[PDB]
Structures are given as C-alpha cells and as structure tokens.
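For the sequence shown, the positions run 88 to 231, 243 to 435, 439 to 463, 477 to 482, 489 to 527 when the deposited numbering is used.
Backbone N, C-alpha and C define an ideal beta-carbon position, used for all residues, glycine too.
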Amino acid sequence: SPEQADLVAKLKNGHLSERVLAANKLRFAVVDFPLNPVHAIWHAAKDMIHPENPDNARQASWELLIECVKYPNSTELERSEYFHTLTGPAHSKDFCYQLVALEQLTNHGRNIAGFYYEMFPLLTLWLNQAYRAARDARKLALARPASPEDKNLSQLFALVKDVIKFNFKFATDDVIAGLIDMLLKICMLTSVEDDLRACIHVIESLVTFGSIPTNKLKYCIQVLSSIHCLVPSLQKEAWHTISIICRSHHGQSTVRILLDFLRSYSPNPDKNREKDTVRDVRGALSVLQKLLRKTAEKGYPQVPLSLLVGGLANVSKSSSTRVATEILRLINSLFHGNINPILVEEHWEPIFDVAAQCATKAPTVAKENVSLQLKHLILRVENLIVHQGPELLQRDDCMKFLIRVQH
Numbered sequence: 088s089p090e091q092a093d094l095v096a097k098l099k100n101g102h103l104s105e106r107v108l109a110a111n112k113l114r115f116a117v118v119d120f121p122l123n124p125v126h127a128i129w130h131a132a133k134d135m136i137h138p139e140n141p142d143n144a145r146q147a148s149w150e151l152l153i154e155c156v157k158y159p160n161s162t163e164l165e166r167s168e169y170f171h172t173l174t175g176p177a178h179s180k181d182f183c184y185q186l187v188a189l190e191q192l193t194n195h196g197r198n199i200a201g202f203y204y205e206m207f208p209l210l211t212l213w214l215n216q217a218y219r220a221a222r223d224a225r226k227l228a229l230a231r243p244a245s246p247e248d249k250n251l252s253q254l255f256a257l258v259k260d261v262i263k264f265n266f267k268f269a270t271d272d273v274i275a276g277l278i279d280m281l282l283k284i285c286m287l288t289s290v291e292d293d294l295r296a297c298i299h300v301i302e303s304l305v306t307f308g309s310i311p312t313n314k315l316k317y318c319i320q321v322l323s324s325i326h327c328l329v330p331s332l333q334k335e336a337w338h339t340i341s342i343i344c345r346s347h348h349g350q351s352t353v354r355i356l357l358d359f360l361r362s363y364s365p366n367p368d369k370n371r372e373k374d375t376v377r378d379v380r381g382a383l384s385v386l387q388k389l390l391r392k393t394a395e396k397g398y399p400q401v402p403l404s405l406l407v408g409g410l411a412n413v414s415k416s417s418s419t420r421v422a423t424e425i426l427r428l429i430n431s432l433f434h435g439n440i441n442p443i444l445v446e447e448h449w450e451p452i453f454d455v456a457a458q459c460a461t462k463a477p478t479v480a481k482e489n490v491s492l493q494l495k496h497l498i499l500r501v502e503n504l505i506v507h508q509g510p511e512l513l514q515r516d517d518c519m520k521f522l523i524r525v526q527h
C-alpha cells in the first residue's frame, strides 16, 4: 500500500516519537493487510524492542512485531530472524510480549521451522525465568486472583506442552534431561496447585509424544508418586500420567523403582532423611496399591509378590497410624479387588506377618484408622476361609493369622 509505504518510511526514518506512532498505525495496517509482506516492516521496527528504549516504544513495537510474525508465507530464513529478534535480550517487563510472539510465530507450538534446534533450550531457559518471577511475586504477595507472572507461567507451560506434542523430534536427549529437571524442581516447590497440574501435563506430554530418558525415571516417579499421594486434588491427573509410564517400556523399571522406595528404605537418625525417604515410601504404596489392581492384558507390569512383601516388611517397622493404615490398605486391596492374582499360588504367612505388625500400631466408672483396616482384613480373610475352605490352599496360614489378631 502507498499509505503503508509512508508509514514504513516514518517507521525507519522518523524521530523516535514518530516511529512510535508509525508503529501503531502499521500495526493497524498489517492487521488490515495480512497477505502483505511484513519483512521490511520487521526490520524497520526491531530496534525499538531494545531494552534501552522507553516502555511506550518497546511496547508499540512488540505489538507490531506480534502482528508481523502471524504472516503465513514467511520463508524459513525469515522465521529464523524473527525468532532471534523476539527471543534475545529483552526487558524483564516485556516477557509477556516475547511469550506471545513466540506462541504466534510457532502457531501455538506447531511450527518451529527456522529454529528447530533452538526452540527447546529456549523454553527451558524461559521456564526458569518464568517460574522465578512467579515465586517472587507470590512471596511479596504473602509479605505485602493470579498475578501477571502466574499468568505468564501458565501460558508458557501450555506452550511447552504444545511444542512437545508437535515437535518433540527436534528435542535432543540432553535438553529433555534439562527440561525434566526444571519441571520437577517446580513440582517440589510451588505454592500453586495449577503449576503442579501444569507440570504433570508437561510430563504427560513427554511420555505421550516423546520419551523420558532412563536416568530421569526415578525422579519423575518420585515426584509423581508424591503428588499422587500428597496432593489429593491432583490424584487422578497424576495417576493418568503414571499409568502411561507404567504401560510403557519403563513399566518394568517403574515397578523396580517403586519397590526400591520400599527395599532401599533404611530408618535414618537424620529426620530430614527419614522423612525424605518416608515421603517416597508413602507414595510408592499409593501407586502400588493402584498398580496392583492391574493386569498384563490391560498392559500393566506385574509386581513380584516376594519383593513386594520384602519391601513391605522394612516399612511396617517405622511410622504410625496413617502409614500402618496404608500398608494395610494395600494388603486389603490384594485380598479383595476377587483375590488378587499375585497371591493365588503363594504362601500367605509372610504377608500375614506384615499385616500383624501393622496391628502393633493399633471400676464400671473408669471405662472410657489402623483399627478400620484390620476389621476389614479380618472380615475378608474370615470370608475366604468360609467360602473356599479345603479348596483354599493357604487356609492354615489364614487361620494362624486370625489367632494372632483376635488376641
């Protein structure tokens, strides 16, 4: 357009205040002529984004650049130049614009041609930045609705999820290692549940559309097993993600890891450790109880009874009410859920001995959790004897157990 011709001249050559106004008008012009070439407009304006400029000029330029990247038929070399312009040194206050620019440049993560190999390291960088800035806002909120920093962080998580979905092949193994670490950090220290929901979805994405490297698995399982247990409002979300992982090549490794939380365990004099590992143990129980209802056909890995029980013994010593209650709740889901296949061909004394250990955790005037699970198990073990009888292999182990627990 001859009008657009003018504006660009002023955008390139005007005194700064003229450039700002041109920027604003072009932003309107571009909107009204999307098919028109934004390339020279880009170059005219890109310097105005520099952090040395005042707000009004960076801002009006960002808005113009944002409209420009939308242009459909950019070349790849042109997309590359936009990415480096929009992603590099920029004012802390402008992150929202960068986010949106990148989002629009990529079409919500779909197209990263021109910066195939730069995209993921950039996202990982921005995660650190974005999270850091949300946490601070939230600290100074507690000190002195969602903050702009909260909103920025959500939108970035959404972007990271989408880039994984559409373009995980351009993620190298080592950037993913980086990305995973960053998400788990945020998982274990964030005041906002939505960040956790968001990080779970990022991990879901990884597993759904790419892969978690073997050496990260323990940590994903740690973190997810913990959220699963400790953050009840996200239990379904975490289980979904854990299920995917379980039904995958990691299945075997995941079971092994989950048991390790039990088998690895060792009662530590340092209560920061004792709890660090207990944290892990309670989650493993939660996830195991859920896993153990699954079948090879459903695609889920089986668990060794011997190992499981080996793991369960260690744990039953420590702890009190709620943990003993969990140990039991697991065992109760094994005997009723029909008996679980894992224990049909098997000696039940070992398990019954653990069960009992959880029973260690509990004048006519003077008469004034775990207990809930025992009444559940007794009833079930009682029923198994009654309904099977001689056909039930393990009946004598059943019987010895009930004698322990009555008394």
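Point to revise | CA-to-CA distance, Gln191 to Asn198, given in whole angstroms | key: 10 Å
Practice item. Jot down the residue ranges of each uninterrupted alpha helix (DSSP H) in the segment 332-409, minimum 4 residues, whole runs only, in chain order. Key: 333-344, 348-361 and 369-389
Practice item. Return yes when the Cβ of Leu405 is within less than 8 Å of the Cβ of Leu444, no when it is not. Key: no
Review point. Quick one: what's got a C-beta closer than 7 Å to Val187's C-beta in the same chain, skipping five residues either side?
Key: Setting aside the 5 residues that flank it on each side, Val187 is surrounded in the same chain by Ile153, each with a C-beta closer than 7 Å to its C-beta; the list follows chain order.
**Study point:** At least 3 beta-carbon pairs within less than 8 Å: the segment 354-370 vs the segment 326-336
**Key:** no
Exercise for review: Can you tell me which of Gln400, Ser148, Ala269 and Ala221 puts its alpha carbon nearest to the alpha carbon of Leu254?
Suggested key: It is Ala221.
Point to revise | Cut-off 6 Å between Cβ atoms - residues of its own chain near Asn265, not counting five sequence neighbours on either side | key: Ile199
Check your understanding: Measuring CA to CA, which of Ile498, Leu151 and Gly397 is closest to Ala109?
Key -> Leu151
**Study point:** Buried/exposed call for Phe207, threshold 16 Cβ in 10 Å
**Key:** buried
Practice item. Inspect the beta-carbon positions of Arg106 and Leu113 and report whether they are closer than 8 Å. Key: no
Point to revise | C-alpha gap between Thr174 and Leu257, whole angstroms | key: 14 Å
Review point. Where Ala132 and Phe182 are concerned, what is the direct C-alpha to C-alpha distance, given to the nearest angstrom?
Key: 18 Å
Practice item. Return the chain-ordered list of same chain residues with a C-beta closer than 6 Å to the C-beta of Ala224, the five sequence neighbours on each side being excluded. Key: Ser245 and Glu247
Practice item. Reducing DSSP to helix, strand and coil, say where residue 466 ends up. Key: The model contains no atoms for residue 466, which sits in the stretch where the chain goes from 463 to 477 directly.
**Study point:** C-beta contact flag for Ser323 and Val385 at 8 Å
**Key:** yes
Practice item. Can you give me the start and stop residues for the alpha helix (DSSP H) that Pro246 sits inside? Key: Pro246 to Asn265
Point to revise | Contacting residues, own chain, Cβ-Cβ under 7 Å from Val156 (five flanking each side not counted) | key: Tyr169, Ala188, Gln191 and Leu192
Point to revise | Burial state of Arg427, where buried means 16 or more other Cβ atoms lie within 10 Å | key: buried
**Study point:** For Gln191, the first and last residue of its enclosing alpha helix (DSSP H)
**Key:** Boundaries of the alpha helix (DSSP H) harbouring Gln191: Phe182 to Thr193, taken from the DSSP string.
Check your understanding: Under a Cβ-count criterion, where at least 16 other Cβ atoms within 10 Å of its own Cβ denotes burial, should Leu287 be classed as buried or exposed?
Key -> exposed
Practice item. Please go through the same chain and pick out, in chain order, the residues whose beta-carbon is closer than 6 Å to the beta-carbon of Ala422, but skip the five residues on each side of it. Key: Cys459, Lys462 and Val490
Practice item. Measure the Cβ-Cβ separation of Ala336 and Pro311 and say whether it is below 8 Å. Key: no
Check your understanding: Does the segment 517-526 touch the segment 441-457, meaning 3 or more C-beta pairs lie closer than 8 Å?
Key -> yes
**Study point:** First and last residue of the uninterrupted alpha helix (DSSP H) at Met206
**Key:** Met206 to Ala230
**Study point:** Counted within 10 angstroms of its Cβ, other Cβ atoms place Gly397 as buried (16 or more) or exposed
**Key:** exposed
**Study point:** Assumed close pair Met135, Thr211 - CB separation to whole angstroms, cut-off 8 Å
**Key:** Not really, about 28 Å apart at Cβ, beyond 8 Å.
Practice item. Compare the beta carbon distance of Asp517 and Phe453 with 8 Å and say whether it is the shorter of the two. Key: yes
Check your understanding: Using a Cβ-Cβ cut-off of 7 Å (strictly less than) and excluding sequence neighbours within five positions of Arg391, which residues of its own chain qualify?
Key -> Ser431 and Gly435
Point to revise | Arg420 versus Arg354 - alpha carbon distance | key: 24 Å
Point to revise | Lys415 burial status per 10 Å Cβ neighbour count (16 or more: buried) | key: exposed
**Study point:** Residues near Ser351 in its chain [Cβ-Cβ closer than 8 Å; skip 5 each side]
**Key:** Excluding positions up to five away in sequence, the list reads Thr312 and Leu315.
Point to revise | Closest residue to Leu103 among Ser341, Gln91, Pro141 and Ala92 (Cα-Cα distance) | key: Closest in C-alpha terms to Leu103, from the list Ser341, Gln91, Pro141 and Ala92, comes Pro141.
Review point. So, helix, strand or coil for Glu502, using DSSP?
Key: helix
Review point. Helix or strand or just coil, what does DSSP make of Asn489?
Key: coil
Check your understanding: How is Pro124 classed by DSSP in three states: helix, strand or coil?
Key -> coil
Check your understanding: How would you call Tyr363, buried or exposed, if buried means at least 16 neighbouring beta carbons within 10 angstroms?
Key -> buried
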